[PDB]
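So this one's two forms of a single chain, laid out as structure tokens and tagged structure 1 and structure 2.
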Structure 1
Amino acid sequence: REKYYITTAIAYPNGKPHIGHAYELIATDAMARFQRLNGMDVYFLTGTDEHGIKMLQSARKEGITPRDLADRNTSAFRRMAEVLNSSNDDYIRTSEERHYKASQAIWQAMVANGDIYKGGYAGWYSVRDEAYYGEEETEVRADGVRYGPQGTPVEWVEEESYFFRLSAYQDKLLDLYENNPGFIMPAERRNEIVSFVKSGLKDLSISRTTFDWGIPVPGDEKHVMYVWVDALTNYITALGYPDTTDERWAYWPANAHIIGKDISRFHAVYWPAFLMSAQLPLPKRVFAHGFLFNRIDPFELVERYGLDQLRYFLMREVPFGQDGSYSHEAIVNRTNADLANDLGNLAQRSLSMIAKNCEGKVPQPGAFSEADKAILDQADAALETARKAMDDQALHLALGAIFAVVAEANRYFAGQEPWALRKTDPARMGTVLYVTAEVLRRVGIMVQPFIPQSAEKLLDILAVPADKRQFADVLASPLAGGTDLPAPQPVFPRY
């Protein structure tokens, strides 16, 4: 019943999908699936940012229109979403008419608030540095040329441009950060943002006259919208903006925008200012993840390691928010240890013993020992730890909690030696096997968002009905003695 709206930043399709795009989508997919399983009404968006001079230039090099090039390149990004088992509810492309309409509506809403004017984007510019400088940072030298602070020439350049009055939003933004401490996370991103805004905000250039591959400025179509208004507006286009009677519009404001660290300023300064101007509520959180370093191509990685192995590796190994590294060795070893051995072989050993010794039926549990209770209770408590962690986008901590249950369940199983009980105390063997399977059911439910296909197969070999797989079922729906289980197969083979 409670609504939950989560988004990824939109990708720029002037190339192939890379591991950065996949990482962001995987992480956001896991967060979306988690909230569905937690009983929320979820809407999950991703998409592509298709306008701009770079897309126009690539299109000319290839002898096709920009719209045609966008159609062609975005299709690989859509393929990436499919191959990664993304549950996104919609896919937004800034070339779509609905986006053109939404961007022109938010532009006009900011004009009506008094926040947009026509002027001159003008300053000392260094072609070699690709940077603008204040006059005070420059000096005319012996040759008569003016130089900027990096010792390269600068020259005055000037273009007509519309501006957003960002300077009017300094205090409102500082108020926002003070009243919503979680508005921009992790903490280091917040400190960078607050210091930036405290240093003083200048009005923001929001149009270009140099190319026509973009959305025309209403009332002045020699200008097109620059990236700021065009790309950021996607998040409301997908909910039917400007039509506030659309059923989807109740999802606004977003619960979380998931982004890379390089675009933090744009989501935590520019976007909220635009929203305030346009009389719209603000997202509850912007969370910036880090970057990954090989130390290549997501399709190749999925083929080589398996989808769920990659998904798990990326979310478990790198604390979400930090930079990290992947390598062949790290992926193989981590996924062999946690998935093929710990989880996968726990299921294979226990469930084959049920097949062989308990007639393929869940055994009827007797009294639980202290050890039995401890592992059962540990599994329950991991659900709560996972929920709290996911409220803070701490994916690694959710997975860590869940896989600590798996590690402990292996210790439990080995310590009980149920093979030895087969002779001496078959009923006790049955109870140990029941406990191991029931812990596996709870773990299976809890890992669905992170490794969906593999979790599903695990739950299928536990004969869990399709309508008993919500997080509420962890507590309410234990395995019933006497249930027929299918012959088990390894869920995670070793690499």
Structure 2
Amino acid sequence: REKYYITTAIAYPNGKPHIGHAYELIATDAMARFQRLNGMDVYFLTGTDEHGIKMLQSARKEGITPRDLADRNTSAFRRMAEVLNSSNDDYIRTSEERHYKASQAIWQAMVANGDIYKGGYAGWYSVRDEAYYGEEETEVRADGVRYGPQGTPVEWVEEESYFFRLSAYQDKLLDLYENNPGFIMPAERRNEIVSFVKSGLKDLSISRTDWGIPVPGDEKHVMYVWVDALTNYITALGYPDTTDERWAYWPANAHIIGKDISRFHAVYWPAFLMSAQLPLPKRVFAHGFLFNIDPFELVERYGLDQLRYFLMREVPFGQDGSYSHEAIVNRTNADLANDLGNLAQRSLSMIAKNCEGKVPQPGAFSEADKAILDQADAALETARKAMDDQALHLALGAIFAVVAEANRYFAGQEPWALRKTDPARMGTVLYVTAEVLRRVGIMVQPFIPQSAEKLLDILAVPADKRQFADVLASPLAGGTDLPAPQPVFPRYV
């Protein structure tokens, strides 16, 4: 069984969880579940990034230690994962001892390759981004203060600092981008990165000089928060122990991240991995941002699956998008409550009332029967091709187009009228509808897991007949008992 490793960015837990974090986790969860159902051996990581100057300063404001703050706020992030029904296999915190040892190992690996030196710089520095900047990347605003590109103040500094020889990787990075056209996506991101690297790379500062991982052999220094943070992805697999059973999951198939942190993952990270003699992830994919506050309240007001569906359907993955009360209510009423849920309820109640709650024996399929059935099978192939490109909206779009067409099929067959005229044919039509519903049910599991389970329970589908392979392999059999149908998607109160 082919191995598939997917990760989310690890959030700074310096406050409460926000919807950005929830969005990223839901989308990564969907992708992970999709691949499980598609027959892969999946490892799915998320976690928290607990070092950094931004954590230090938040700790000071609250008047506690950064470990204290990290420990307190992290519980909320873990609780968010449980509430969003996240299927992650591990949870990483960069305060753990395994990470400390991982980060010091990858560091040593880069030193062994000759890519790390101690040196002197003189330039603008932002304390909060732990990064130097060139005068060109800065501006003096009306308050008379010079700001760097990432929004924060820069001051002039002359210090010794450890450096990574990022200049030695310009050409190897450009080859990576030619040879692997899907390494950093979507396209708008690819071009930012390719252009940034074509225009020249300066060596990168990777230490400062008391909350972080000490640079091995020189404890007066601590590792820049990004070197540390990126290592999370290989820490979770047992690095540096390459005989750990998890290690075969490396290289990651997909790092899901937000667009504001592309450069770290598509430039720094591969450079570091090359240096440490490790293989590179197959893809980094950057989602956009959401605009209107608290994920827990949203789940409470709308339902988890309603929110999951909305976010993954209404925004093209990669692009920025909007959400509002009215949008979520209307789109989830239309697609879930009405289109899918009411097709299930009407059809399954007709089977309950008119066929003794047994799946009816289908006869010859008509042209219209074969068309809707085939459209369902076709949706699986489209969903697969979509998810390979992180196109969650297209995967869901294809599956729900089958739902829309199934309502038209149902209405147009007029099965109530057939009750009197032709009960054999009524049965065939109810069969088809039930069978289309089984195929949809299987396909939507990754996106709306609990609701999908409830819809398949209603269709009496065994627990071991809900893989994507079962869409073609395991059709409903006439005669099977079905429990009394309750609505799966209540209309919004």
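Rigid core here is just the name for the largest C-alpha set that superposes within 1.5 Å across the two forms. All residue numbers here follow the sequence of structure 1, with the first residue given the number 1.
Sole member of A27, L462, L56, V42 with a C-alpha shift of at least 2 Å between structures 1 and 2 (core-superposed) = Going through each option, the one that shifts is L56.
ask   = Any chance the CA of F77 moves 2 angstroms or more between structures 1 and 2, core superposed?
value = After core superposition, the displacement of the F77 C-alpha between structures 1 and 2 stays below 2 Å, so no.
ask   = With the core lined up, does the C-alpha of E408 move 2 Å or more between structures 1 and 2?
value = After core superposition, the C-alpha of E408 moves less than 2 Å between structures 1 and 2.
query = Is it true that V145 shifts between structures 1 and 2 by 2 Å or more at the Cα, once the core is aligned?
reply = Yes, the C-alpha position differs by at least 2 Å between structures 1 and 2.
key: Rigid core fit between structures 1 and 2: Cα deviation of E159 in angstrom   = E159 is displaced by 2.6 Å at its C-alpha.
message = What does the CA of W228 shift by between structures 1 and 2 after fitting on the core? Give it in Å to one decimal.
response = Displacement of the C-alpha, rigid core superposed: 1.8 Å.
request  = Taking the rigid core as fixed, quantify in angstrom how much the C-alpha of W124 shifts between structures 1 and 2.
outcome  = On core superposition, this C-alpha lies 4.1 Å from its counterpart.
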